[PDB]
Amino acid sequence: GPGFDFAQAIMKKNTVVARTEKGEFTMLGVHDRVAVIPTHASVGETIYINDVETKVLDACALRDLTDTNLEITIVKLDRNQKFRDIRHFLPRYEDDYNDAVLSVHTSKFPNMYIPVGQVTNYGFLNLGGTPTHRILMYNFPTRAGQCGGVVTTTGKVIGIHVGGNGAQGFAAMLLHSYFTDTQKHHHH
């Protein structure tokens, strides 16, 4: 079946409820004090984390080399506790997957698992006026409230939920290389 044990270990040790001006979102912590959230959450210089207001020390809105939105935002947070390092569970490349689980941690749904089935490397998606690349698609009627939700298969964290059309769900792909300790770049 789907890897419910796996999805549940990600949820407990690595998610938080994040609230911006836009609303609440499942937030996945990746390593240290670094986490991800969908770009359309519109992150400021502070954010609510499990209702505790938190300084956002850095926010990178990923775009690709064609200058197109990837809908992932990597955030560095001022918190005391470190996230368990889950980088080794990030896929190295674009891929297609079987039998995924979508997990949500919000106020409304502090803990919920949805098998979404087969996931496909979709590519381009118009996220309502915003061209976006590198999308994963599942055939499941996903809802508002589910954004930020973490998509797993066993041993792999593959994306975070970002959209849906009433019949399909869409996640922003997560790749390992988004998070390697890197470069000397003026980025703002």
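Under this definition, the rigid core comprises the largest set of C-alpha atoms superposing within 1.5 Å between the forms. Note that residue numbering begins at 1 and tracks the sequence as displayed.
Relative to the shown model and aligned on the rigid core, the C-alphas in 9 other deposited structures of this protein deviate most, among 123-131 and 53-61, for 123-131.
Legend: mean Cα B-factor per stretch from the PDB entry, 116-124 versus 27-35; the higher mean is in 116-124. In this entry, 125-133 has the higher mean Cα B-factor, the comparison being between 146-154 and 125-133. Among all modelled residues in its chain, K12 ranks in the highest third by Cα B-factor. When all modelled residues of the chain are sorted by CA temperature factor, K76 is found within the lowest third. In the deposited entry, the Cα temperature factor of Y93 sits in the bottom third of values across the chain's modelled residues. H176 sits in the lowest third of its chain by CA B factor, as recorded in the PDB entry. Ranked by Cα temperature factor within the chain, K55 sits in the middle third according to the deposited record.
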